[PDB]
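A short write-up of the structure that comes next.
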Amino acid sequence: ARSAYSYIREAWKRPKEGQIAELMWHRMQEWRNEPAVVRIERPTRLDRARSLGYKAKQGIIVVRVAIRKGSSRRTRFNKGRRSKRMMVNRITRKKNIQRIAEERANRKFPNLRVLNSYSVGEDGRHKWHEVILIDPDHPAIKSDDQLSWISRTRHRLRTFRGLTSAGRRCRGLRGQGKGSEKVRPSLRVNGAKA
Amino acid sequence: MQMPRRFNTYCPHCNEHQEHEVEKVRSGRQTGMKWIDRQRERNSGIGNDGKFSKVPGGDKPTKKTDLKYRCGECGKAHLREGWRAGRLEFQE
Amino acid sequence: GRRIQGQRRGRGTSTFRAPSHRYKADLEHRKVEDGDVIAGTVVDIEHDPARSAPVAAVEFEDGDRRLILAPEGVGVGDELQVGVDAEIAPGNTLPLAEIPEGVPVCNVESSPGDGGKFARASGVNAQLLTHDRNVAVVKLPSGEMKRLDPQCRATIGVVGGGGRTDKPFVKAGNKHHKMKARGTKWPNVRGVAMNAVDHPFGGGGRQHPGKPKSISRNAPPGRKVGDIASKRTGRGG
Amino acid sequence: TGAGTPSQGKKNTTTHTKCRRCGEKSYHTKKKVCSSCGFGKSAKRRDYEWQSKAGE
RNA sequence: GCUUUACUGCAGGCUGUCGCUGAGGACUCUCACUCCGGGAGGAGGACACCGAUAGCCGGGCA
RNA sequence: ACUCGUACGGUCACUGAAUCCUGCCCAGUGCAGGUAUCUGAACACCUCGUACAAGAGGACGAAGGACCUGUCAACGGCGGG
RNA sequence: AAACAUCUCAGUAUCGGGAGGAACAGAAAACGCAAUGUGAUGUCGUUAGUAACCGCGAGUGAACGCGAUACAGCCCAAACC
Ligand SMILES: [Cl-]
Ligand SMILES: [Cl-]
Ligand SMILES: [Cl-]
Ligand SMILES: [Cl-]
Ligand SMILES: [K+]
Ligand SMILES: [Mg+2]
Ligand SMILES: [Mg+2]
Ligand SMILES: [Mg+2]
Ligand SMILES: [Mg+2]
Ligand SMILES: [Mg+2]
Ligand SMILES: [Mg+2]
Ligand SMILES: [Mg+2]
Ligand SMILES: [Mg+2]
Ligand SMILES: [Mg+2]
Ligand SMILES: [Mg+2]
Ligand SMILES: [Mg+2]
Ligand SMILES: [Mg+2]
Ligand SMILES: [Mg+2]
Ligand SMILES: [Mg+2]
Ligand SMILES: [Mg+2]
Ligand SMILES: [Mg+2]
Ligand SMILES: [Mg+2]
Ligand SMILES: [Mg+2]
Ligand SMILES: [Mg+2]
Ligand code: NA
Ligand code: NA
Ligand code: NA
Ligand code: NA
Ligand code: NA
Ligand code: NA
Ligand code: NA
Ligand code: NA
Ligand code: NA
Ligand code: NA
Ligand code: NA
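Chains W, B, C and E are the protein sequences, given in the same order.
Counting from -2, one number per residue, gives the positions in the first sequence under the numbering used here.
Counting from 4, one number per residue, gives the positions in the second sequence under the numbering used here.
Counting from 21, one number per residue, gives the positions in the third sequence under the numbering used here.
Counting from 3, one number per residue, gives the positions in the fourth sequence under the numbering used here.
Here is the structure:
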């Protein structure tokens, strides 16, 4: 039979419909009154979190992040430039908003490592994502067989290196075949043409 | 100049002389689905667009004869060399 | 070219800033719980650096001491009152609603509670014309008819120091001194006296603007100089 | 007044001083920032890829 | 370096549209949102702001 | 920033004490307002097309412009016969 | 590019954030010598200056496969408890 979770999931398929529609209109008011990075006791999308690797365990933290919407907040050239590069308004960053969030959340927690993340909506100018972060030093995590991999030294500052969930997707690493020529094994190693 | 609406001449398809009708080639409307349409859309961006940033050439003092020669029996038309004519009016 | 003077201003460096640190008080009406009971005494009349007009020192009943935007005719010893039931005399403050149509007012709030925004400079005054349960019409010194919430508090009388504008500075030195108590760069160099690189009107063998002086509302900063969105110029007609 | 020799006389102000961090005489005592190691500005040491040739 | 009705672009201003955004070719309301108020509450209000785009102007700038 | 500021303000320009004065021109250019009608982009909408899509066309039409008006202490002009 | 705008120099210089002794990648919603076929990923050789792009100018430029190196394959979420 359907898991209770299956219902949360189901409501977040159409966030502008039914009850969740009214919850958002509610929360988003308290959300806009909160800081950029706010730690929360429980994920607003439980199926989503658990699906991403979340557990109700010591050493596991979740947080909401607000980032501005739109393109790049870019300054106009102060020196010579050819028309092609005189651009400002239509320049958009190459790192999606979800990925900025994950980072701002990570910095707020210097000892923690990003496990994954998910969007929790947006209004006219914010974009919210909740980020799951793990304490790689807390035993209970060091002793958990499904998370202890994040404890490894080789994982220090995952987000900042794009080893995150959205990190790899944004890096054009989804497909294993056609289209990932200049993507795999790394953008930089591919002359940065993807 | 003047030029007969109809007249006997060689047809390339029938492979024999017969009555042909002369008409001026009406321009045909584009579908905006050719390869140059998609490269324009694609290649155009911030700043200059290169070739796509250029504008209409100009006009020669006079144009050449842009006609059609339609055979009176098989109905198939054939194109001929055009000749500089400041004006071309058909007779009937 | 280089940024023109109007562009340097906006940065807010020392040269264009007001000598704030030297100012006395941000004249604003007092906040009353309600009742109007708030009254006080004029302890002293001082000179306001920021406005070049007089300012009254006042001691309120609940111990509060604050400088007030003073109406002509206030003196030491006088008693002022602030509230819905305040008396209707010079120097007193109360909503435009309690104020009697036809009376000269000053330091009028744009919205109830803001402490006053309109008519505050030397010798000016607003004119209370119409009343209502919804709108209190006031004629500001510019002459414009302003519709205001009747809750907006205002002060009775005309601002102090009238007639300032009447006497000429007579000599640069005077302007100089006045201008040193104001967030302004003084003196001013005519744009046609500058080079091309420094101002749309610069350049030229002789001194004349290049183009016509009336400029569009849409002209961007750096180019918006001369006669801004002028509906007309000259005096003829 | 000459910008040359005569303007050189008024130079008795102290700016750059021995740096607590790096030991170079670059600690601007007015800015309290070192122009050599970046002490007083950056926790990390001031360092740039242009202090040497591109491929070196 | 400078100028302009040189060429091509860029900021910026104005304007239509979409999102935020809700109730009953012109209209009312209040709940988001914005502002005023110490608060209670008041004004404004689905506009404005902000994000996206479309047209015009565009030596302010390249 | 202007601003501890509020039109007796402060922003933007021109002329440059006093004294006697400061005429004529709104066609062009600029600014500003108006505007039946014309022009005028994209979304949404309607027609054709495509089992969808490209695409072609229509209806509606903002700012802008045409058109009209104001304006020279606005750019400037004040001739030949 | 014998000027120059798209293009080129080049994702180069340079800047910001950061990992390790190596990084990164990685067990197919792949490939598509179309097959009764191959079978995670790097790298090396080749494929090839080929396909593809480009004021179709100047220039730019892969992949599958193949021969090699080394080889390695697993853990959740959920259902049911
Ligand atoms: Cl991390
Ligand atoms: Cl013809
Ligand atoms: Cl003054
Ligand atoms: Cl194969
Ligand atoms: K170049
Ligand atoms: Mg590598
Ligand atoms: Mg372009
Ligand atoms: Mg103040
Ligand atoms: Mg004066
Ligand atoms: Mg004197
Ligand atoms: Mg000053
Ligand atoms: Mg001057
Ligand atoms: Mg000069
Ligand atoms: Mg200039
Ligand atoms: Mg002169
Ligand atoms: Mg002059
Ligand atoms: Mg010198
Ligand atoms: Mg506020
Ligand atoms: Mg230029
Ligand atoms: Mg003057
Ligand atoms: Mg060249
Ligand atoms: Mg060439
Ligand atoms: Mg290339
Ligand atoms: Mg392939
Ligand atoms: Na961290
Ligand atoms: Na690419
Ligand atoms: Na493309
Ligand atoms: Na000039
Ligand atoms: Na020069
Ligand atoms: Na005129
Ligand atoms: Na005119
Ligand atoms: Na050359
Ligand atoms: Na040259
Ligand atoms: Na090209
Ligand atoms: Na083979």
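All residues carry an ideal CB built from backbone N, CA and C; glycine is no exception.
Please tell me whether, using a cut-off of 7 Å, the distance from the CB of residue i to the nearest non-hydrogen atom of ligand 27 is below it.
i               : result
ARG41 (chain B) : no
Just verifying my parser: in three-state terms, what is the DSSP assignment at residue i?
i                     : result
residue 258 (chain C) : What is shown of chain C runs 21 to 257, which leaves residue 258 (chain C) out entirely.
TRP125 (chain W)      : strand
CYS14 (chain B)       : strand
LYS195 (chain C)      : helix
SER116 (chain W)      : strand
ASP84 (chain C)       : coil
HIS30 (chain E)       : strand
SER9 (chain E)        : helix
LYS105 (chain W)      : helix
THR41 (chain W)       : coil
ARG70 (chain W)       : coil
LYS27 (chain B)       : strand
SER183 (chain W)      : coil
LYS166 (chain C)      : strand
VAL96 (chain C)       : coil
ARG173 (chain C)      : strand
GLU22 (chain B)       : strand
Taking 7 Å as the cut-off, does the CB of residue i come closer than this to any heavy atom belonging to ligand 17?
i               : result
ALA45 (chain E) : no
Would the C-beta of residue i count as close to ligand 3, meaning under 7 Å from any of its heavy atoms?
i                : result
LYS198 (chain C) : yes
Quick one: is the Cβ of residue i within less than 7 Å of any heavy atom of ligand 5?
i               : result
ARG87 (chain W) : no
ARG78 (chain W) : no
Among the options, which has the Cα closest to the Cα of residue i?
i                : options                                  : result
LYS67 (chain B)  : B:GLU76, B:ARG87 and B:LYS57             : B:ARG87
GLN53 (chain E)  : E:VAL35, E:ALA45 and E:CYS39             : E:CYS39
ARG151 (chain W) : W:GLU31, W:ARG110, W:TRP125 and W:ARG24  : W:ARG110
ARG101 (chain W) : W:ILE5, W:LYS124, W:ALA8 and W:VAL62     : W:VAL62
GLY97 (chain C)  : C:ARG42, C:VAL62 and C:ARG167            : C:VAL62
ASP132 (chain W) : W:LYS52, W:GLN95 and W:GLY174            : W:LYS52
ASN113 (chain W) : W:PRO136, W:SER68, W:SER69 and W:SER162  : W:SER162
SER234 (chain C) : C:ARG243, C:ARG226 and C:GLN227          : C:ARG243
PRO132 (chain C) : C:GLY254, C:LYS51 and C:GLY93            : C:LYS51
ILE37 (chain W)  : W:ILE129, W:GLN16, W:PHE74 and W:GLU7    : W:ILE129
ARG43 (chain B)  : B:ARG32, B:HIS16 and B:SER56             : B:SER56
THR41 (chain W)  : W:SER145, W:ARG71 and W:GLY118           : W:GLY118
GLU95 (chain B)  : B:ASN18, B:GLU24 and B:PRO15             : B:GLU24
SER148 (chain W) : W:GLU14, W:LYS190 and W:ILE57            : W:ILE57
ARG42 (chain C)  : C:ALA139, C:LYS200, C:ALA106 and C:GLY26 : C:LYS200
Confirm the yes/no value for this check: CB of residue i, any heavy atom of ligand 7, distance under 7 Å.
i               : result
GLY53 (chain B) : no
For ligand 24, is there any heavy atom lying closer than 7 Å to the beta carbon of residue i?
i                : result
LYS175 (chain W) : yes
So does residue i have its beta carbon nearer than 7 Å to some heavy atom of ligand 8?
i                : result
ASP132 (chain W) : no
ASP134 (chain C) : no
Would a check of beta-carbon distances place residue i closer than 8 Å to chain W?
i               : result
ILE49 (chain B) : yes
Within 8 Å (strictly less), CB to CB, does residue i reach chain B?
i                     : result
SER80 (chain W)       : yes
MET25 (chain W)       : no
residue 192 (chain W) : The shown model of chain W, from -2 to 191, leaves out residue 192 (chain W), and the question about it has no answer.
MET21 (chain W)       : no
Using only the heavy atoms of ligand 26, determine whether one of them is closer than 7 Å to the beta carbon of residue i.
i                : result
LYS179 (chain W) : yes
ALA102 (chain W) : no
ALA191 (chain W) : yes
Taking 7 Å as the cut-off, is the C-beta of residue i nearer than that to any heavy atom in ligand 1?
i               : result
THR35 (chain C) : no
Sorry if obvious, but does the Cβ on residue i come closer than 7 Å to a heavy atom of ligand 11?
i                : result
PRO110 (chain C) : no
Give a single yes or no on whether residue i has its beta carbon closer than 7 Å to a heavy atom of ligand 28.
i                : result
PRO229 (chain C) : yes
Should residue i be listed as close to ligand 13, given that the test is whether its C-beta is under 7 Å from any heavy atom?
i                : result
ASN215 (chain C) : yes
So does residue i have its beta carbon nearer than 7 Å to some heavy atom of ligand 6?
i               : result
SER30 (chain B) : no
_Complete runs of the beta strand (DSSP E) confined to the region 43 to 93 of chain B [at least 3 residues]_ = Counting whole runs of 3 or more residues, the region 43 to 93 of chain B contains the beta strand (DSSP E) stretches 70 to 74.
_In chain order, each beta strand (DSSP E) run of at least 3 residues that lies wholly inside the region 49 to 81 of chain C_ = DSSP runs (the beta strand (DSSP E)) wholly in the region 49 to 81 of chain C: 59 to 68 and 73 to 80.
*asked:* Which complete beta strand (DSSP E) runs does the region 107 to 164 of chain C hold, if anything under 3 residues is left out?
replied: Correct list: 113 to 115, 124 to 126, 146 to 150 and 156 to 159.
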